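Chemist: Next comes upload-v4.txt, compact mmCIF, C-alpha atoms:
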```txt
# COMPACT_ATOMS: atom_id res chain seq x y z
CA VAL M 114 -85.23 -49.02 136.24
CA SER M 115 -84.90 -52.31 134.34
CA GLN M 116 -82.21 -50.94 132.06
CA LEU M 117 -80.42 -49.38 135.03
CA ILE M 118 -80.42 -52.87 136.59
CA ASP M 119 -79.04 -54.37 133.37
CA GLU M 120 -76.41 -51.62 133.32
CA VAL M 121 -75.29 -52.76 136.76
CA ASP M 122 -74.87 -56.32 135.60
CA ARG M 123 -72.87 -55.05 132.60
CA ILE M 124 -70.64 -52.85 134.72
CA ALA M 125 -69.84 -55.78 136.93
CA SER M 126 -69.24 -58.04 133.93
CA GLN M 127 -67.00 -55.80 131.76
CA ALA M 128 -65.21 -53.65 134.44
CA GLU M 129 -61.68 -54.74 133.55
CA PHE M 130 -58.14 -53.50 134.32
CA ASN M 131 -55.16 -55.16 132.61
CA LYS M 132 -57.73 -57.73 131.30
CA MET M 133 -58.60 -58.80 134.90
CA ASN M 134 -62.32 -58.66 135.74
CA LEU M 135 -62.60 -56.74 138.97
CA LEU M 136 -66.31 -56.90 139.87
CA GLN M 137 -68.21 -59.90 138.44
CA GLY M 138 -68.54 -63.20 140.38
CA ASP M 139 -64.98 -64.46 139.80
CA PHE M 140 -64.64 -63.81 143.53
CA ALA M 141 -64.23 -65.63 145.88
CA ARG M 142 -63.24 -68.01 143.10
CA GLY M 143 -63.42 -68.43 139.31
CA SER M 144 -61.67 -71.24 137.42
CA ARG M 145 -58.89 -70.45 139.93
CA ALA M 146 -58.98 -68.48 143.22
CA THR M 147 -56.09 -66.39 141.90
CA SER M 148 -57.03 -62.77 142.64
CA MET M 149 -55.54 -59.42 143.43
CA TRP M 150 -52.32 -60.02 145.21
CA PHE M 151 -50.08 -57.01 145.64
CA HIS M 152 -46.49 -57.51 146.76
CA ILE M 153 -45.85 -54.54 149.02
CA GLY M 154 -42.47 -55.08 150.65
CA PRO M 155 -39.13 -56.24 149.02
CA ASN M 156 -39.18 -59.59 150.87
CA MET M 157 -41.54 -62.56 150.95
CA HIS M 158 -44.40 -62.63 153.50
CA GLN M 159 -45.05 -58.88 152.86
CA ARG M 160 -48.23 -59.60 150.93
CA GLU M 161 -51.93 -58.64 150.57
CA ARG M 162 -54.97 -59.99 148.64
CA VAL M 163 -58.06 -58.02 147.55
CA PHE M 164 -61.37 -59.50 146.59
CA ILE M 165 -64.69 -57.95 145.60
CA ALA M 166 -67.95 -58.82 143.90
CA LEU W 55 -71.54 -112.54 135.42
CA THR W 56 -68.97 -114.54 133.36
CA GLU W 57 -65.77 -115.92 135.05
CA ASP W 58 -63.73 -113.20 133.21
CA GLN W 59 -66.14 -110.34 134.30
CA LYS W 60 -65.91 -111.48 137.97
CA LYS W 61 -62.08 -111.65 137.62
CA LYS W 62 -62.14 -108.24 135.85
CA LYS W 63 -64.21 -106.59 138.67
CA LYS W 64 -61.61 -107.88 141.21
CA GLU W 65 -58.68 -106.62 139.05
CA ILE W 66 -60.17 -103.12 138.41
CA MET W 67 -60.58 -102.62 142.21
CA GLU W 68 -56.94 -103.80 142.75
CA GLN W 69 -55.78 -101.35 139.97
CA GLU W 70 -57.77 -98.43 141.56
CA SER W 71 -56.05 -99.31 144.90
CA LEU W 72 -52.65 -99.44 143.09
CA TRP W 73 -53.18 -95.81 141.94
CA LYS W 74 -54.58 -94.71 145.37
CA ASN W 75 -53.32 -91.38 146.65
CA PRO W 76 -50.44 -92.15 149.08
CA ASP W 77 -51.09 -92.75 152.81
CA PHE W 78 -49.26 -94.52 155.64
CA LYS W 79 -50.74 -98.05 155.20
CA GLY W 80 -50.02 -97.92 151.43
CA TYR W 81 -46.52 -96.56 152.16
CA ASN W 82 -45.78 -99.57 154.42
CA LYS W 83 -47.33 -102.06 151.93
CA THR W 84 -45.37 -100.49 149.01
CA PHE W 85 -42.00 -100.61 150.77
CA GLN W 86 -42.66 -104.18 151.93
CA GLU W 87 -43.08 -105.18 148.22
CA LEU W 88 -40.41 -102.95 146.63
CA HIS W 89 -37.96 -104.32 149.20
CA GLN W 90 -39.20 -107.84 148.27
CA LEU W 91 -37.71 -106.96 144.81
CA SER W 92 -34.40 -105.94 146.45
CA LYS W 93 -34.41 -109.43 148.12
CA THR W 94 -34.27 -111.49 144.90
CA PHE W 95 -32.46 -108.97 142.77
CA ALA W 96 -29.36 -108.47 145.05
CA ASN W 97 -28.09 -105.60 142.85
CA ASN W 98 -26.43 -102.51 144.42
CA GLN W 99 -27.66 -100.12 141.68
CA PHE W 100 -31.28 -101.39 142.10
CA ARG W 101 -30.83 -100.98 145.92
CA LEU W 102 -29.64 -97.36 145.26
CA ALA W 103 -32.51 -96.75 142.84
CA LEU W 104 -34.97 -97.89 145.59
CA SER W 105 -33.20 -95.86 148.30
CA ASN W 106 -33.73 -92.72 146.13
CA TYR W 107 -37.34 -93.58 145.26
CA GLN W 108 -38.09 -94.11 148.99
CA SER W 109 -36.51 -90.67 149.79
CA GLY W 110 -38.79 -89.18 147.08
CA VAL W 111 -41.94 -90.82 148.54
CA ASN W 112 -40.84 -89.68 152.05
CA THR W 113 -40.72 -86.07 150.65
CA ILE W 114 -44.34 -86.51 149.49
CA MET W 115 -45.48 -88.06 152.83
CA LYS W 116 -43.71 -85.34 154.90
CA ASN W 117 -45.38 -82.66 152.70
CA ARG W 118 -48.89 -84.18 153.31
CA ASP W 119 -48.14 -83.91 157.10
CA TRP W 120 -46.95 -80.26 156.62
CA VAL W 121 -50.15 -79.28 154.72
CA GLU W 122 -52.42 -80.49 157.63
CA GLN W 123 -50.18 -78.78 160.21
CA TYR W 124 -50.08 -75.46 158.25
CA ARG W 125 -53.87 -75.37 157.70
CA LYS W 126 -54.32 -76.26 161.45
CA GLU W 127 -52.00 -73.40 162.58
CA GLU W 128 -53.85 -70.91 160.33
CA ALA W 129 -57.29 -72.07 161.51
CA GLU W 130 -56.10 -71.60 165.13
CA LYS W 131 -55.18 -67.94 164.59
CA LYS W 132 -57.56 -65.28 165.89
CA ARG W 133 -58.57 -63.28 162.76
CA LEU W 134 -59.70 -59.88 164.15
CA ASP W 135 -59.11 -58.12 160.77
CA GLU W 136 -61.67 -60.33 158.99
CA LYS W 137 -64.91 -58.41 159.18
CA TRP W 138 -65.27 -58.31 155.36
CA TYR W 139 -66.20 -61.11 152.98
CA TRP W 140 -63.15 -60.09 150.82
CA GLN W 141 -60.82 -60.32 153.90
CA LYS W 142 -61.97 -63.90 154.65
CA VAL W 143 -61.35 -64.73 150.93
CA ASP W 144 -58.02 -62.82 151.09
CA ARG W 145 -56.76 -65.00 153.95
CA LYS W 146 -58.06 -68.07 152.05
CA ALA W 147 -56.08 -66.96 148.94
CA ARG W 148 -52.98 -66.53 151.26
CA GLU W 149 -53.46 -70.19 152.46
CA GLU W 150 -54.03 -71.80 149.07
CA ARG W 151 -51.03 -70.22 147.26
CA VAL W 152 -48.60 -70.86 150.18
CA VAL W 153 -49.83 -74.52 150.35
CA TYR W 154 -49.77 -75.01 146.53
CA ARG W 155 -46.27 -73.36 146.21
CA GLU W 156 -44.91 -75.51 149.12
CA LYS W 157 -46.37 -78.63 147.37
CA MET W 158 -44.63 -77.45 144.15
CA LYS W 159 -41.26 -77.43 146.00
CA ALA W 160 -42.01 -80.87 147.50
CA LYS W 161 -42.86 -82.09 143.95
CA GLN W 162 -39.44 -81.01 142.57
CA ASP W 163 -37.55 -82.63 145.53
CA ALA W 164 -39.61 -85.83 145.01
CA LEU W 165 -38.91 -85.73 141.20
CA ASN W 166 -35.16 -85.06 141.72
CA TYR W 167 -35.16 -88.28 143.84
CA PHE W 168 -37.26 -90.16 141.24
CA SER W 169 -34.89 -88.95 138.50
CA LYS W 170 -31.96 -90.30 140.58
CA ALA W 171 -33.87 -93.65 141.04
CA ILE W 172 -34.16 -93.86 137.19
CA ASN W 173 -30.48 -92.80 136.66
CA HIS W 174 -29.42 -95.73 138.94
CA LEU W 175 -31.73 -98.19 137.06
CA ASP W 176 -30.11 -96.85 133.84
CA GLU W 177 -26.79 -98.24 135.17
CA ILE W 178 -28.19 -101.82 135.05
CA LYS W 179 -26.93 -102.60 131.52
CA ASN W 180 -27.25 -106.41 131.36
CA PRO W 181 -30.44 -107.14 129.27
CA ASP W 182 -31.04 -110.32 131.39
CA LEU W 183 -31.36 -108.08 134.43
CA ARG W 184 -33.41 -105.27 132.81
CA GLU W 185 -36.08 -107.84 131.86
CA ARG W 186 -36.42 -108.99 135.54
CA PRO W 187 -39.84 -108.48 137.28
CA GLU W 188 -37.77 -106.81 140.06
CA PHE W 189 -36.41 -104.14 137.61
CA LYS W 190 -39.83 -103.56 135.96
CA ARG W 191 -42.00 -103.27 139.12
CA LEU W 192 -39.64 -100.71 140.75
CA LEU W 193 -39.48 -98.68 137.49
CA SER W 194 -43.34 -98.87 137.37
CA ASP W 195 -43.65 -97.60 141.03
CA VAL W 196 -41.18 -94.74 140.34
CA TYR W 197 -43.19 -93.68 137.25
CA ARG W 198 -46.55 -94.05 139.05
CA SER W 199 -45.53 -91.75 141.99
CA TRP W 200 -43.94 -89.33 139.44
CA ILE W 201 -47.24 -89.27 137.42
CA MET W 202 -49.30 -88.72 140.57
CA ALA W 203 -47.00 -85.97 141.95
CA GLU W 204 -47.49 -83.97 138.70
CA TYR W 205 -51.16 -84.91 138.30
CA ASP W 206 -52.05 -83.48 141.80
CA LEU W 207 -50.60 -80.09 140.83
CA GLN W 208 -52.47 -80.09 137.44
CA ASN W 209 -49.19 -80.57 135.49
CA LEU W 210 -51.04 -82.85 133.03
CA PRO W 211 -48.93 -82.35 129.80
CA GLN W 212 -45.86 -83.48 131.87
CA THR W 213 -47.63 -86.79 132.75
CA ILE W 214 -47.85 -87.98 129.11
CA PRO W 215 -44.24 -89.20 128.39
CA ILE W 216 -44.18 -90.96 131.84
CA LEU W 217 -47.63 -92.63 131.39
CA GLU W 218 -46.42 -93.75 127.92
CA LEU W 219 -43.20 -95.20 129.38
CA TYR W 220 -45.32 -96.76 132.18
CA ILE W 221 -47.78 -98.63 129.88
CA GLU W 222 -44.86 -100.18 127.89
CA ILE W 223 -43.76 -102.09 131.07
CA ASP W 224 -44.90 -105.73 131.94
CA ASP W 225 -48.66 -105.57 130.99
CA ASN W 226 -49.19 -102.08 132.58
CA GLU W 227 -50.99 -101.38 129.27
CA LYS W 228 -53.93 -103.48 130.71
CA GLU W 229 -54.45 -101.02 133.63
CA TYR W 230 -57.64 -99.00 133.51
CA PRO W 231 -56.29 -95.96 135.60
CA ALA W 232 -53.25 -95.66 133.26
CA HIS W 233 -55.54 -95.18 130.23
CA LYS W 234 -57.96 -92.94 132.22
CA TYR W 235 -55.05 -90.54 133.12
CA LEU W 236 -53.64 -90.61 129.58
CA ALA W 237 -57.10 -89.79 128.13
CA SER W 238 -57.59 -86.92 130.69
CA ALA W 239 -54.08 -85.44 130.12
CA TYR W 240 -54.60 -85.68 126.29
CA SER W 241 -58.03 -84.00 126.73
CA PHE W 242 -56.28 -81.08 128.62
CA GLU W 243 -53.79 -80.69 125.71
CA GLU W 244 -56.65 -80.74 123.15
CA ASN W 245 -58.39 -77.97 125.20
CA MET W 246 -55.08 -75.99 125.35
CA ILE W 247 -54.94 -76.08 121.47
CA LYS W 248 -58.64 -74.95 121.30
CA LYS W 249 -58.07 -72.11 123.88
CA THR W 250 -54.72 -70.86 122.48
CA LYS W 251 -55.95 -71.30 118.82
CA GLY W 252 -53.01 -73.65 118.06
CA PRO W 253 -52.43 -75.76 114.91
CA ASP W 254 -55.06 -78.28 113.65
CA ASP W 255 -52.48 -81.09 113.34
CA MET W 256 -51.96 -80.92 117.16
CA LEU W 257 -55.74 -80.55 117.82
CA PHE W 258 -56.39 -83.84 115.96
CA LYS W 259 -53.28 -85.58 117.31
CA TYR W 260 -54.38 -84.90 120.93
CA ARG W 261 -58.09 -85.64 120.17
CA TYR W 262 -57.13 -88.96 118.51
CA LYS W 263 -54.91 -90.09 121.44
CA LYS W 264 -57.62 -89.02 123.97
CA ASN W 265 -60.18 -91.25 122.09
CA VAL W 266 -57.73 -94.24 121.79
CA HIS W 267 -57.15 -94.30 125.59
CA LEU W 268 -60.80 -93.43 126.34
CA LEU W 269 -61.83 -96.51 124.25
CA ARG W 270 -59.12 -98.78 125.77
CA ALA W 271 -59.95 -97.73 129.38
CA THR W 272 -63.65 -98.49 128.61
CA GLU W 273 -62.76 -101.87 127.00
CA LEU W 274 -60.58 -102.86 130.00
CA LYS W 275 -63.11 -101.99 132.70
CA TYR W 276 -66.40 -103.08 131.05
CA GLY W 277 -65.38 -105.53 128.29
CA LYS W 278 -65.51 -105.17 124.47
CA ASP W 279 -69.05 -104.95 122.93
CA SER W 280 -70.60 -104.16 126.37
CA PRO W 281 -73.37 -101.42 126.40
CA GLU W 282 -70.62 -99.05 127.75
CA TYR W 283 -68.06 -99.92 124.98
CA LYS W 284 -70.73 -99.73 122.18
CA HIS W 285 -71.58 -96.16 123.40
CA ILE W 286 -67.87 -95.04 123.12
CA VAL W 287 -67.67 -96.77 119.64
CA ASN W 288 -70.42 -94.51 118.13
CA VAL W 289 -69.11 -91.26 119.80
CA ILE W 290 -65.48 -91.77 118.50
CA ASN W 291 -66.77 -92.34 114.88
CA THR E 167 -94.57 -43.90 115.59
CA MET E 168 -96.63 -43.12 112.50
CA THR E 169 -100.28 -42.19 112.22
CA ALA E 170 -101.00 -45.88 112.87
CA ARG E 171 -99.90 -45.44 116.51
CA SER E 172 -103.42 -44.97 117.70
CA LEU E 173 -106.77 -45.52 116.26
CA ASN E 174 -106.37 -42.98 113.48
CA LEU E 175 -110.01 -41.79 113.25
CA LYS E 176 -111.06 -39.40 110.44
CA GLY E 177 -114.50 -37.90 109.64
CA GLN E 178 -117.63 -37.97 111.79
CA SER E 179 -121.17 -39.34 111.76
CA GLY E 180 -123.52 -37.65 109.29
CA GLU E 181 -123.17 -36.64 105.65
CA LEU E 182 -119.62 -36.28 104.34
CA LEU E 183 -117.74 -35.92 101.05
CA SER E 184 -115.17 -38.43 102.34
CA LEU E 185 -115.54 -42.18 102.84
CA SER E 186 -114.50 -42.36 106.49
CA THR E 187 -116.07 -41.64 109.88
CA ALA E 188 -114.95 -41.55 113.51
CA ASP E 189 -116.08 -44.16 116.04
CA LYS E 190 -117.78 -43.89 119.43
CA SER E 191 -117.18 -40.32 120.58
CA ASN E 192 -116.32 -41.60 124.02
CA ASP E 193 -113.85 -44.10 122.59
CA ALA E 194 -112.51 -41.52 120.14
CA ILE E 195 -111.69 -39.34 123.15
CA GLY E 196 -110.24 -42.42 124.90
CA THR E 197 -108.27 -43.12 121.71
CA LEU E 198 -106.61 -39.77 121.79
CA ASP E 199 -105.67 -40.42 125.41
CA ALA E 200 -104.24 -43.73 124.13
CA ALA E 201 -102.37 -41.90 121.38
CA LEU E 202 -100.89 -39.48 123.82
CA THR E 203 -100.14 -42.24 126.29
CA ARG E 204 -98.33 -44.39 123.77
CA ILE E 205 -96.16 -41.51 122.59
CA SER E 206 -95.67 -39.98 126.03
CA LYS E 207 -94.37 -43.36 127.20
CA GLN E 208 -92.02 -43.53 124.21
CA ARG E 209 -90.76 -40.02 124.95
CA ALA E 210 -90.39 -40.93 128.60
CA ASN E 211 -88.41 -44.00 127.50
CA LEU E 212 -86.12 -41.70 125.51
CA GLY E 213 -85.95 -39.33 128.50
CA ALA E 214 -84.97 -42.17 130.74
CA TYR E 215 -82.49 -43.33 128.09
CA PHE E 216 -80.91 -39.88 127.98
CA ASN E 217 -80.54 -40.01 131.76
CA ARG E 218 -78.83 -43.39 131.37
CA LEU E 219 -76.34 -41.89 128.92
```
Write the structure described by the file as structure tokens, please.

Modeler:
Amino acid sequence: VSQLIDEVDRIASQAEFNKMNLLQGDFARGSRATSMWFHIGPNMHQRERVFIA
Amino acid sequence: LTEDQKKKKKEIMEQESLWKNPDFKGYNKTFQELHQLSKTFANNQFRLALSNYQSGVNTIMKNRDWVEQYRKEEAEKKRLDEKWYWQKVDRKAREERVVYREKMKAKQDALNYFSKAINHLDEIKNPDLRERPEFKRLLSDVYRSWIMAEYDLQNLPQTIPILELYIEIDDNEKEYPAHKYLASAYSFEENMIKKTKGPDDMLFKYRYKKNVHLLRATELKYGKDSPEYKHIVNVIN
Amino acid sequence: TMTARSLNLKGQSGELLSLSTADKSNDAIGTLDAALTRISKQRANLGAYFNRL
């Protein structure tokens, strides 16, 4: 169990995509609150943010 | 305390007030005094320089009002798609970037006006006029608001040439906040070199300049060979 | 693991042609449970590790 717990902390820590960390506690804020904005329509104000930890 | 330490305490508080984030009472006080300079100076290009500075400060003041109104309007929306922690943070991230980006636009409009205020002061060519307290105080107020506009948005490298021009004017070098901001902005640049693995010459240049203005700010607020100075002396070694 | 994983008892009370004897029969039995326990736990640790992988 203990190692399975450590594995969880490691998954959260190292689970990156395009060098962004998607699971550790850099949400709801890290050094900046900048997080996963996706720009969905062609114009401005057609936006979404995703957060997770 | 000594007569100089009592005087110094008074002056440091006045200097901290001088660099106070803008508000409506400070706005009024500032434009009383900057107009007082227009009174004696009686120079159309100085008048134009002040007219542009005032338009720049008005941009900043109108922005501060916008930021409260925007945050108010968002707070007053019913958020029925906000049952997740991430969705609450999402909407927060929407707020912060819209507010920061709007402040960035206000900063440019304020700096375009400040740049125009400087371009008009540049047209005062007579050295007997450029050495006037009226010329120097306005130029100081333009640089101070310029420094603060950039500082608030974390644009610290950009504050260095303006802080340096600022301290060259009419004993501004004896202002504790001016050296505090220089030291902090230099510290940022030192950290940038350490994070980006930049050249050693720039690491030491920025570290040196940080320590010079750290030491001078300390000297100015506490006095030379004070327990507080003596501490900075040993660290800088 | 090595023989020195448990109390590695050789010989037994009485006359021998060796220079070693076992200890308390009851503890010698307990020792072999200890030997098995120590290795069984190590195997179980490896088992668990395999499941992690």

Chemist: Go ahead and compute the interatomic distance for CA of residue 192 in chain W and CA of residue 161 in chain W, in Å to one decimal.

Modeler: 19.2 Å

Chemist: Counting all atoms listed in the file, what is within 9 Å of residue 166 in chain M, bar same-chain residues fewer than 3 positions away, as a PyMOL selection string?

Modeler: (chain M and resi 125+135-141) or (chain W and resi 140)

Chemist: Neighbouring residues of residue 275 in chain W were defined as those with any atom within 7 Å, considering only C-alpha atoms; residues of the same chain fewer than 3 positions away were excluded. Please report them as JSON, numbers by chain.

Modeler: {"W": [66, 230, 271, 272]}

Chemist: Can you tell me, as an mmCIF file with C-alpha atoms, in the coordinates of the input, which residues sit within 7 Å of (-51.1, -56.7, 148.6) in the file's frame, using only C-alpha atoms?

Modeler:
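What ended up in selection_25.cif:
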```cif
data_model
loop_
_atom_site.group_PDB
_atom_site.id
_atom_site.type_symbol
_atom_site.label_atom_id
_atom_site.label_comp_id
_atom_site.auth_asym_id
_atom_site.auth_seq_id
_atom_site.Cartn_x
_atom_site.Cartn_y
_atom_site.Cartn_z
ATOM 1 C CA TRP M 150 -52.320 -60.020 145.210
ATOM 2 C CA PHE M 151 -50.080 -57.010 145.640
ATOM 3 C CA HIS M 152 -46.490 -57.510 146.760
ATOM 4 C CA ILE M 153 -45.850 -54.540 149.020
ATOM 5 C CA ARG M 160 -48.230 -59.600 150.930
ATOM 6 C CA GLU M 161 -51.930 -58.640 150.570
ATOM 7 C CA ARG M 162 -54.970 -59.990 148.640
#
```

Chemist: Give me, please, the distance in Å between CA of residue 187 in chain W and CA of residue 238 in chain W, quoted to one decimal.

Modeler: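 Taking CA of residue 187 in chain W and CA of residue 238 in chain W, their separation equals 28.7 Å.
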
Chemist: Name the residues in contact with range 167-172 of chain E at a cut-off of 10 Å, using only C-alpha atoms, excluding same-chain residues fewer than 3 positions from it; report them as an MDAnalysis selection string.

Modeler: chainID E and resid 175 197:205 208

Chemist: So the first atom is CA of residue 168 in chain W and the second is CA of residue 206 in chain W; what is the distance between them in Å, to one decimal place?

Modeler: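 Spanning CA of residue 168 in chain W to CA of residue 206 in chain W is a straight-line distance of 16.2 Å.
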
Chemist: Smallest atom-to-atom distance to chain M: which of E:194, E:188, E:212, E:183, using only C-alpha atoms?

Modeler: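 Selected residue with least distance to chain M: E:212.
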
Chemist: Each side padded by 4 Å, which centre and which edge lengths in Å (one decimal) define the axis-aligned box around the listed atoms of range 252-261 of chain W? Give them as lines of an AutoDock Vina configuration file.

Modeler:
```
center_x = -55.0
center_y = -79.6
center_z = 117.1
size_x = 14.1
size_y = 20.0
size_z = 15.6
```

Chemist: Just need the residues of chain M within 10 Å of chain E, counting only C-alpha atoms, so spit them out as number ranges by chain.

Modeler: M: 114, 116-117, 120

Chemist: Give me the range 134-248 of chain W side of the contact with range 101-117 of chain W, cut-off 10 Å, one line per residue showing its nearest atom pair and distance in Å at one decimal, counting only C-alpha atoms, sorted by chain and residue number, as a tab-separated table.

Modeler:
```
residue	atom	partner	partner_atom	distance
W:153	CA	W:117	CA	9.6
W:156	CA	W:117	CA	8.0
W:157	CA	W:117	CA	6.8
W:159	CA	W:117	CA	9.4
W:160	CA	W:113	CA	6.2
W:161	CA	W:114	CA	7.2
W:162	CA	W:110	CA	9.4
W:163	CA	W:110	CA	6.8
W:164	CA	W:110	CA	4.0
W:165	CA	W:110	CA	6.8
W:166	CA	W:110	CA	7.7
W:167	CA	W:110	CA	4.9
W:168	CA	W:107	CA	5.3
W:169	CA	W:107	CA	8.6
W:170	CA	W:106	CA	6.3
W:171	CA	W:103	CA	3.8
W:172	CA	W:103	CA	6.6
W:173	CA	W:103	CA	7.6
W:174	CA	W:103	CA	5.1
W:175	CA	W:103	CA	6.0
W:176	CA	W:103	CA	9.3
W:177	CA	W:103	CA	9.7
W:189	CA	W:103	CA	9.9
W:192	CA	W:104	CA	7.3
W:193	CA	W:103	CA	9.0
W:195	CA	W:107	CA	8.6
W:196	CA	W:107	CA	6.3
W:197	CA	W:107	CA	9.9
W:199	CA	W:111	CA	7.5
W:200	CA	W:110	CA	9.2
W:203	CA	W:114	CA	8.0
```

Chemist: Would you list which chain W residues are within 7 Å of chain M using all atoms listed in the file, as a ChimeraX atom specification?

Modeler: /W:140,143-144,147

Chemist: Would you save the residues of that selection, restricted to C-alpha atoms, as a PDB file, in the frame of the given file?

Modeler:
```
ATOM      1  CA  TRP W 140     -63.150 -60.090 150.820  1.00  0.00           C
ATOM      2  CA  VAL W 143     -61.350 -64.730 150.930  1.00  0.00           C
ATOM      3  CA  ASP W 144     -58.020 -62.820 151.090  1.00  0.00           C
ATOM      4  CA  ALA W 147     -56.080 -66.960 148.940  1.00  0.00           C
TER       5      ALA W 147
END
```

Chemist: From the list W:207, W:263, W:236, W:194, which residue is nearest residue 220 in chain W when using all atoms listed in the file?

Modeler: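 Selected residue with least distance to residue 220 in chain W: W:194.
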
Chemist: Hey, what's within 10 Å of residue 191 in chain W if we count all atoms listed in the file and toss same-chain stuff fewer than 6 positions away? As a list in words, please?

Modeler: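 The neighbour list is residues 87, 88, 91, 197, 223, 224 and 226 of chain W.
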